[PDB]
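Asker:
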Amino acid sequence: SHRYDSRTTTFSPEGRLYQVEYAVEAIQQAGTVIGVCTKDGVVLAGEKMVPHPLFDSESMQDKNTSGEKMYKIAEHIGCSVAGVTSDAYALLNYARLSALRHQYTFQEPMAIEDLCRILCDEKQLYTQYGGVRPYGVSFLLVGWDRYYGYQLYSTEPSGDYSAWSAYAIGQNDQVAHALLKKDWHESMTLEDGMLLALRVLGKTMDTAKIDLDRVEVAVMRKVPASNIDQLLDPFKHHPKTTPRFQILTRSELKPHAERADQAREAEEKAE
Amino acid sequence: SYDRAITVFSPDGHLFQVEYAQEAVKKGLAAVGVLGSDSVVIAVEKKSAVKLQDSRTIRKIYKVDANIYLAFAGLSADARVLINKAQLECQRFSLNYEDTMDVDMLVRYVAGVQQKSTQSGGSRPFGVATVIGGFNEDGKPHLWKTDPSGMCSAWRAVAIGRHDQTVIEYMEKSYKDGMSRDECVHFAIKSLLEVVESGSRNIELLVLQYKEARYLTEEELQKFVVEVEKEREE
Amino acid sequence: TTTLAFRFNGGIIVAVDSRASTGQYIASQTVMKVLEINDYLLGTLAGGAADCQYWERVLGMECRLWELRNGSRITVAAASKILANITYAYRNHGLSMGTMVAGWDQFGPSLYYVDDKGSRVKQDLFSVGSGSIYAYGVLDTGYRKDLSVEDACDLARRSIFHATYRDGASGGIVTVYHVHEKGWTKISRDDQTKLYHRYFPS
Amino acid sequence: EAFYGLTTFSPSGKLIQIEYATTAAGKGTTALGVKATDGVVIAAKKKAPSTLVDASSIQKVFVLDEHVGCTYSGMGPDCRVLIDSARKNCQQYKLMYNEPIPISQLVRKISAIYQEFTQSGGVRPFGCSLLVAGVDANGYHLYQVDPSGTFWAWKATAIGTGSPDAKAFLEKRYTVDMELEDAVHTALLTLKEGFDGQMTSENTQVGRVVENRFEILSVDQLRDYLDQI
Amino acid sequence: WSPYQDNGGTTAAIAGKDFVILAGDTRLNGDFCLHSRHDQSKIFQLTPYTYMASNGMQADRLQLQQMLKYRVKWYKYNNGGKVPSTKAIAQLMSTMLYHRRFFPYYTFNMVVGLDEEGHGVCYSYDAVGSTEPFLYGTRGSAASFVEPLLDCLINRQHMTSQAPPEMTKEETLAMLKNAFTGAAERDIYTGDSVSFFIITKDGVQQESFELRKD
Amino acid sequence: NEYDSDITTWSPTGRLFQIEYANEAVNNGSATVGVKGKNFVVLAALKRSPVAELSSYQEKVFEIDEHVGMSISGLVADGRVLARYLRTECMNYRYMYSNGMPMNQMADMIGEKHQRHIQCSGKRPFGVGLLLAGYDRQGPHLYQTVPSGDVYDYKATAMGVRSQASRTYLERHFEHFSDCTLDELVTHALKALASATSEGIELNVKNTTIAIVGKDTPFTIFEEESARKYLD
Amino acid sequence: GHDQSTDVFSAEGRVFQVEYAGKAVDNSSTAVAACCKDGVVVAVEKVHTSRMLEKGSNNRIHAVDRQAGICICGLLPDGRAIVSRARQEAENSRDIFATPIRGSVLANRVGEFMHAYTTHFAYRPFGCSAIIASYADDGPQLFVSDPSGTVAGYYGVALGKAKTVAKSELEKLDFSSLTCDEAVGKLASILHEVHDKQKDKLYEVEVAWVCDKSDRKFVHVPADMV
Amino acid sequence: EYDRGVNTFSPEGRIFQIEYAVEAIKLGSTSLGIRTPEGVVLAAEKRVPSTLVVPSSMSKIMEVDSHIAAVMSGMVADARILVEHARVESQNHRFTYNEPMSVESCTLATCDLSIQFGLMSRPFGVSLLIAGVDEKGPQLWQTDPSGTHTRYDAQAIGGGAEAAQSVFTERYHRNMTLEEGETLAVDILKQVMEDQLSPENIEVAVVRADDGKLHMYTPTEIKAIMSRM
Ligand SMILES: O=C(NC1CC1)c1cccc(NC(=O)c2ccc(=O)n(Cc3ccccc3)n2)c1
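Residue numbers (the deposited numbering), protein chains in the order written: chain C, 2 to 272; chain D, 2 to 235; chain L, 100 to 301; chain B, 3 to 231; chain M, 126 to 339; chain F, 168 to 399; chain G, 7 to 232; chain E, 107 to 224, 232 to 342.
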């Protein structure tokens, strides 16, 4: 049996780890995801795959917990994945448990960067121990914590991760980066970020208009807190606002996609 | 459990997986350590400064305990694991021995984890060198290096990552004992600029004095980069 | 058993008797109850003799491996902490140990008590054992930081003697050690009955 | 005792063992499913190698629990592994929540087993796809699970050999209005398209989700539907 | 049902300047009865210069004796043939008793032999290994009779009369005969006979000595 | 050779090359001889002979219990493993039965231990040959063992380098050994051991060990006093 | 690469590592055995390499229980492993089932054990055929388990290098009539004819039986009958 | 290089990973050891990679116990492991038998850790020399990666070893003083080192027969040796 071991956790001659390089290739094949970190929230816009007219919805009762590209990890943490979808679900479940174990132990939300380290430790493991292949997945995590506010990390199959103001994973990430470079700034509203996210996404998948059918958008923003049950624990402090991960219905997203056609029409006038 | 033997001697005495881990550390960003009279200076290359990375300060020099700080070169994620282990070791140690961990003790622990991973079936080596710097609880400053073979060594100054040996050859020539805080920071900046391009947004620099660890603000650093790049013409 | 130790300006004195009771019959008038761990550290034995002999010997081994591993002597605080972590780990296994750990590290003289439950206390003065109730009476009254080193050994010797004289379990030979910057010295051994005739010469 | 992985990435980023398992899983016979407003139908060819096989004993459609069913294509015995696990999961869930496992949760559980065999050491992936059809609080469902562990809700689909053509023919005839009598009729018509030889209540199996339960049609019940096509 | 039984009897040793004498009585007792008047199990040679003596449960001293005998063989092999010293065996025994701390051997042991300088020594143990060197020793049923007598004739701390010469090995032996003899008279669990072993550098003499049979 | 890399691989002619290669380890160790008289067994082992004024002990010969001991050739570290094993099995046996482990049973054991290391992946053959000499109720015994797990009961034998010549010698004289005295057994061993020395080296107290074991004679490696007597 | 591990079939459904272990048995010294109405006799040619072995060395015939024995053919060490397993089965039968192991059972157990080592990449097949000779409550029985683990009962049997000839000589015997006394003579005689002298210069012939005269105990036959 | 597993014999009866581990010890800095009746001497080329190194930190000689020292050649980190085990074993021996471990017993217990590979992926690429003084007086042993100890009277390990076994053959007699030994040690290092022998470039220690304690020569005391030559 050892003659047939492909030696996934070995170094190659340039200190490269081939299985991790090739997981990355697998990710650059995946549906693009854009993330834009404002100060009023974070936006994830992702390319869905082409919607065959025989696809059904799963008819889930909670519309905001998951979509095709976007998943909620906790009240305050969302992500989007590119790469081997099934690997994603393995990790996503791990990230969910981790965030809730943190909450078990401390009774407060896990910070985004710790959730992220946990996730990427789980990936790093598979690049060092165990003789199996790595997870072929890249997250964009988003969320909000009291330490750093809105955050947006991205992970790689190596287990490295990085914080960004905006970023892209998946198909034409190099191209999308270059375009966010130019148009991101530090003082964006949520609406501005939603625009930027769509202009870039529509520019990477080469469409005149944004194709509502092929796009999912999620937003992580703070909203008024409703269920302050204060007679039930009198000493507990409940913040006025709380984070919410939201996946946009086709209708909530229609305006924002029109408004990004209009800033793609008004950029082909100057030319 | 998977326990195949990954690291093995080849014919001419070499451990290829350890030579290749070391190759992964030559591709990593430079880092530099300098030891003065009352200061250790750790300085590292940043990757650049794309307008997209979070303008919130992310440190590339890591705190391991109150008194101890660690830079690295090589695989980021391997490093992160080593560091977490080091962090957790220093606490284990406090907790067992009340005292805080001497730097050398911490370094030896880390180097042993590195060595251990060149000899454990199932695992490849960490592809990480480290520079570690700090003060014992007796005001004596230290600076160490680990390489992926698990070998550590104390230095008066040191470099790791790309062009380590260009930088170390440089530092052999200049470096004097008993520098001041400010001469250390200078010397480190000077030494890094042997391989890094500008000194603008691609150098983080940490200054360790007994009981006080302080990163240069991007402003304080730039007075030093001009003071130094103006001394490189000559 | 009666053991005591105290810190004063000159260091630490440690003093002990030498009797080992098996309840009512006296097994030994000659137990050594100061264990010389290192040569900067002493520990006393009180309680279960085996327990103290064994775990103090282990401590001595841990102290020595520290010194080999790290090129520098272990501090007292660490040493005591090592022993305290053992006794804590074994708090449910009915060890009987009451121990002092005295030494002089780079932070000066240090004295700890470590018991079978994992307690680890650092005071300037302690007595331990059946006869402690007596020795503190004589000790609490004579103790001052500014004692010389004769006066501190006299005090320590008398307190053990008074314990021996009154307490059935304590007895034999009063041994006194001093712990100073260059290590420890064994100052004296005296039969407690010679000491009766010296302190009370009618 | 082999613990290294068999499925690995290749320089283009592909997991080739999984493409091959996917190839294997489209070499089965045709199975297909049609969701309708009031139920779901799944239907498979049982192409028995010989007439001397007791066709009663061949099961291509399976109950996983009262409310959910599956069929499959590709390698039978691999699928038998999945079905056994899925049955257990349905029951574990009832034991815990004393309600029936929602199809979405069931398929995610299956998906997960498939994924483990794409990463865990020593094993090859499963060379079969499933359709899973069932009814929960969110209504009627029909999912396809592939060996990648990926899964899709569908309104209609087909896995196995004649499947591209069967899918094409379901695209035409499918209507969101469809009731279940028409769904069955459509399912059976779709099979019949690419069926070499007469369809009988022997060489075909059919499952329906109706009301709150999944049932495999009897040969009696199936013969009444096959007299109208 | 207890896993423990006292089989009684008594060991005693006395060190001299170039010898040590070790004695055990040969009665092995059961419950309310006597199994053997000829049990030699109490005394066990470990090396030419080191013996152990054990009181308590005969079964546990047989086990212990073998456990030690094998640690001593290992030691010989791991140290190019040399035998462990009496002091090494003494410390070894303390460590082995203590490793059973939790389900203890019900032995009261002595290790006796010659130190390096060639002087006799005795280590006595409690059940978990507290020891210490001494010049004499007695464990067992008669211990609490013999031990005070040896105190009196060796140390003489209550005699004004100046201490007589160092006791030779013949005089020492007489002393232990006299004290075994008195114990057999008064401790009902000691009697029958005493095996003496005089350990010197030149070897080990044995000597049996009859005690009163009742 | 596609078949010589794994102990679990038969070759198409029915050979196990890793075991033939472990044998090479033994054929290349320092020579050792044993012979068996009526009442005694003698092992004699060549050691390594001084490099000028500059010695070098290695433990070839091992006592194993009072009544048995052994001489090894080949990979010394495997020797030690086997020695530790035999020692331990002999102490267990003597603990249980209060008598020495009989040699035919010990040879059965040492051979089973070897077999356990020639059938599974990631174990490997012992690269060491043993002469095991011992004495029990059935008299003296001398076994040779080999990596393959075979155990031969010999009257005389040698193994290691140039030990073919030691075997030529022993073949002339071995039929007499049942009548010889201990001194002539030892002479015969030494003679045989010397037919295995390189060119103009000769046997002396510092390149030769002798062990004997037999009736009323626990197994005894000979030191420089008793050895000298026999080596002249 | 089809032939390196026993965990692998060739394209014709052969397992080569088993055929190869088989060759180890065929290149080995010859054994024969005969199952009479009064017992089983098994004989085997031991080929020495040295003139200086003790008589008794490298016994290839082992008792496995009072009533059963195994003569090994092929790699003797591998066989002693089987013999150990057979003995554990025999002990188990006595310890748990309080009966001597029937011979068909013993040989099946032996076969199962040998076969197991033909299924898994980590072990190799055994390089020995065991001949099992029993005389328990199932009567006189002679089986052979080969390295594949295939087990077969025989009236007479021959293994090793002279197997083809020795079988021709064993066919001349009348198994219905033949007695353990006669068979010790015949089977030994056979091993002297088929022994090749210019190759294997040193050889004894070890014989063992289990029969009514031996009180159905499996024993080497006294060296007067040979 | 993974063609042959690690437990494999060569056709000459050598385990390949052992022969390779040995090859790695010839790349190491030269170390050496000299038994005298007055004591043992160990000396090592430090072979530092820079003047910026703090030379005490690249310690090729290590106290195992008050009376035992070791000096490695080859992979230093591997040597730290062995010496840690020796230290632990030597101390367990004191603990258990209240006396200092013999030097041989110590070397054994350090080889007892080197047998273990299949557990340890590979052998240690390290040879030690272990000098000490016990009851049998001064002693010098060598461990190999084989796990085979060997008592010696003088030895080298490292790149030097062949040139240094020339010099021992000529100048070493069983009866030299501790100072003539120190001298022969340092001579040999002068001759085989790459760099110029200076008092920081080397490491010298002795275990004296008289006290039975180990002294590590400071740079001062090593000059005091270079002085007389
Ligand atoms: O001798 C013991 N047991 C009996 C069986 C022999 C025996 C066994 C265990 C512990 C002790 N402690 C003491 O006796 C004792 C008595 C007085 C006193 O001041 N200290 C020091 C101390 C300091 C802080 C907190 C608690 C204690 N200790 C004795």
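For each residue, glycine too, the CB sits at the ideal point set by N, CA and C.
Would you give the residue range spanned by the beta strand (DSSP E) that residue 214 (chain E) belongs to?
Answerer: Here residue 214 (chain E) belongs to no beta strand (DSSP E); instead the alpha helix (DSSP H) covers 209 to 217.
Asker: Going by the beta-carbon positions, is the gap between residue 185 (chain F) and residue 115 (chain E) smaller than 9 Å?
Answerer: yes
Asker: Can you tell me where the alpha helix (DSSP H) with residue 62 (chain C) in it begins and where it stops?
Answerer: It is not in any alpha helix (DSSP H) - residue 62 (chain C) carries neither H nor E in the DSSP assignment.
Asker: Helix, strand or coil, according to DSSP, for residue 43 (chain D) in the structure here?
Answerer: strand
Asker: Tell me which same chain residues have a C-beta within less than 6 Å of the C-beta of residue 230 (chain F), skipping the five on either side of it?
Answerer: 236 and 386
Asker: Is there contact here, the region 13 to 29 of chain B with the region 175 to 195 of chain B, by at least three beta-carbon pairs under 8 Å?
Answerer: no
Asker: Cβ of residue 105 (chain L) within 8 Å of any heavy atom in ligand 1?
Answerer: The nearest non-hydrogen atom of ligand 1 is 8 Å or more from the C-beta of residue 105 (chain L).
Asker: If you measure beta-carbon to beta-carbon, which residues of the region 186 to 219 of chain E are closer than 7 Å to chain M?
Answerer: Those residues of the region 186 to 219 of chain E that come within reach of chain M (Cβ to Cβ, closer than 7 Å) are 202, 203, 204, 205, 208, 210, 211 and 214.
Asker: In this structure, what does DSSP give as the bridge partners for residue 154 (chain M)?
Answerer: M:159
Asker: From residue 167 (chain L) to residue 319 (chain E), what does the alpha carbon distance come to, in whole angstroms?
Answerer: 17 Å
Asker: Should residue 164 (chain D) and residue 132 (chain D) be called a contact, given that it needs their Cβ atoms to be closer than 9 Å?
Answerer: no
Asker: Which partner residues does residue 210 (chain F) have in the DSSP bridge list?
Answerer: F:201 and F:378
Asker: Taking 9 Å as the threshold (beta carbon to beta carbon), is residue 89 (chain B) in contact with chain C?
Answerer: No, residue 89 (chain B) lies away from the interface with chain C (no Cβ there is under 9 Å from its Cβ).
Asker: Please say whether residue 232 (chain M) and residue 179 (chain M) have beta carbons closer to each other than 9 Å?
Answerer: In this structure, residue 232 (chain M) lies closer than 9 Å to residue 179 (chain M) by Cβ.
Asker: Please tell me whether residue 328 (chain F) has its Cβ less than 9 Å away from any Cβ of chain G.
Answerer: Chain G, which has no Cβ nearer than 9 Å to the Cβ of residue 328 (chain F), makes this no.
Asker: Is the region 234 to 241 of chain C touching the region 165 to 184 of chain C, taking contact as three or more C-beta pairs under 8 Å?
Answerer: no
Asker: Looking at C-alpha atoms only, which residue of C:77, C:76, C:81 and C:64 is the closest neighbour of residue 70 (chain C)?
Answerer: C:81
Asker: The beta strand (DSSP E) that contains residue 167 (chain E), what's its start and end?
Answerer: 167 to 171 is the span of the beta strand (DSSP E), which, as asked, contains residue 167 (chain E).
Asker: Three or more C-beta pairs under 8 Å: does that hold for the region 390 to 397 of chain F against the region 121 to 128 of chain G?
Answerer: no
Asker: When you measure from the CB of residue 223 (chain L) to every non-hydrogen atom of ligand 1, does any distance come out below 8 Å?
Answerer: no
Asker: Kindly indicate if chain C contains any beta-carbon less than 9 Å away from that of residue 16 (chain G).
Answerer: Any Cβ of chain C closer than 9 Å to the Cβ of residue 16 (chain G) would place that residue at the interface, and such an atom is absent.
Asker: Taking 8 Å as the line, does the beta carbon of residue 175 (chain L) fall inside it for any heavy atom of ligand 1?
Answerer: Residue 175 (chain L): no, Cβ never under 8 Å from ligand 1.
Asker: What do you reckon, is the C-beta of residue 113 (chain L) under 8 Å from a heavy atom of ligand 1?
Answerer: For ligand 1, not one heavy atom lies less than 8 Å from the Cβ of residue 113 (chain L).
Asker: Mind checking which residues open and close the alpha helix (DSSP H) that includes residue 83 (chain G)?
Answerer: 82 to 102
Asker: Note down, in chain order, each residue of its chain lying with its Cβ closer than 7 Å to the Cβ of residue 223 (chain M), except the 5 sequence neighbours on either side.
Answerer: 253 and 254
Asker: Between the alpha carbons of residue 216 (chain E) and residue 192 (chain E), how many angstroms are there, rounded?
Answerer: 6 Å
Asker: So does the region 295 to 314 of chain E actually touch the region 142 to 151 of chain E, counting three or more Cβ pairs closer than 8 Å?
Answerer: yes
Asker: Whole angstroms are fine: how far does the CA of residue 174 (chain M) sit from the CA of residue 262 (chain E)?
Answerer: 31 Å
Asker: With 9 Å as the threshold, decide whether the Cβ of residue 144 (chain B) is near any Cβ in chain C.
Answerer: Chain C contact via Cβ: present.
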